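Notes to accompany the following structure.
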Amino acid sequence: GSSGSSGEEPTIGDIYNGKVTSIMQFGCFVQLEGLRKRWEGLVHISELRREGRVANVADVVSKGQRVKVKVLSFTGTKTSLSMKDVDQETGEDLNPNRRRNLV
Numbered sequence: 203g204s205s206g207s208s209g210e211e212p213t214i215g216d217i218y219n220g221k222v223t224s225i226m227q228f229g230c231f232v233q234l235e236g237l238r239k240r241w242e243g244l245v246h247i248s249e250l251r252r253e254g255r256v257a258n259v260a261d262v263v264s265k266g267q268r269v270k271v272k273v274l275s276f277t278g279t280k281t282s283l284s285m286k287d288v289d290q291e292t293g294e295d296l297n298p299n300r301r302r303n304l305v
């Protein structure tokens with residue numbers, strides 16, 4: 203039937219609020235809030251700081267700390283999230299330009 207109002211699943215390009223549940227030596231798992239369907243994504247070490255040299259995620263994020271991330275792409279049981287893209291102040295979109303990677 204003709205009906206949308208998507209909500210259960212996250213929207214690509216949109217920003218959402220989350221929190222770090224597990225800090226991995228590489229990245230950190232951030233759980234999304236609000237959405238009905240509990241979604242848990244992971245933030246690679248490349249999605250923390252700008253093109254440079256990152257020491258460790260430990261200092262980058264804490265356990266049970268509230269953070270703002272953006273829905274990069276959603277596919278089946280795979281939910282991506284970006285932190286550096288979402289300013290950790292007001293949650294503004296720090297992505298003026300971007301191009302797909304693979305289809």
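Numbering of the sequence shown is given in my numbering, commencing with residue 203 and proceeding in unit increments.
A virtual CB, placed ideally from N, CA and C, is assigned to each residue, including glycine.
message: Run through the DSSP bridge pairs and tell me what residue 281 is partnered with.
response: By one-based count along the sequence shown, residue 281 stands at place 79. Answer by DSSP bridge pairing, in chain order: 276.
query: If you draw a straight line from the C-alpha of residue 215 to the C-alpha of residue 273, how long is it?
result: Residue mapping note: residue 215 aligns to position 13 of the sequence shown, counting from 1. Residue mapping note: residue 273 aligns to position 71 of the sequence shown, counting from 1. Taking the straight line from one Cα to the other gives about 6 Å.
- request: State the start and end residues of the unbroken alpha helix (DSSP H) segment that holds residue 259.
  value: Working through the sequence shown from its first residue, we reach residue 259 at position 57. Its alpha helix (DSSP H) spans residues 259-262.
- request: Confirm, please, whether the CB-CB distance from residue 266 to residue 222 is below 8 Å.
  value: Along the sequence shown, one-based indexing puts residue 222 at 20. Along the sequence shown, one-based indexing puts residue 266 at 64. Yes, the Cβ-Cβ distance between residue 222 and residue 266 is below 8 Å.
query: Apart from the five residues just before and just after residue 276, which ones in its own chain have a Cβ nearer than 7 Å to its Cβ?
result: For the purposes of this step, residue 276 is taken as residue 74 along the sequence shown, with counting starting at 1. Result list for residue 276: 211, 212, 214, in chain order.
Residue 281, buried or exposed, once every other Cβ within 10 Å from all chains shown has been counted against 16: By one-based count along the sequence shown, residue 281 stands at place 79. It counts as buried.
query: What are the boundary residues of the beta strand (DSSP E) that includes residue 209?
result: Mapped onto the sequence shown, residue 209 falls at position 7. Note, residue 209: premise wrong, no beta strand (DSSP E); not H, not E.
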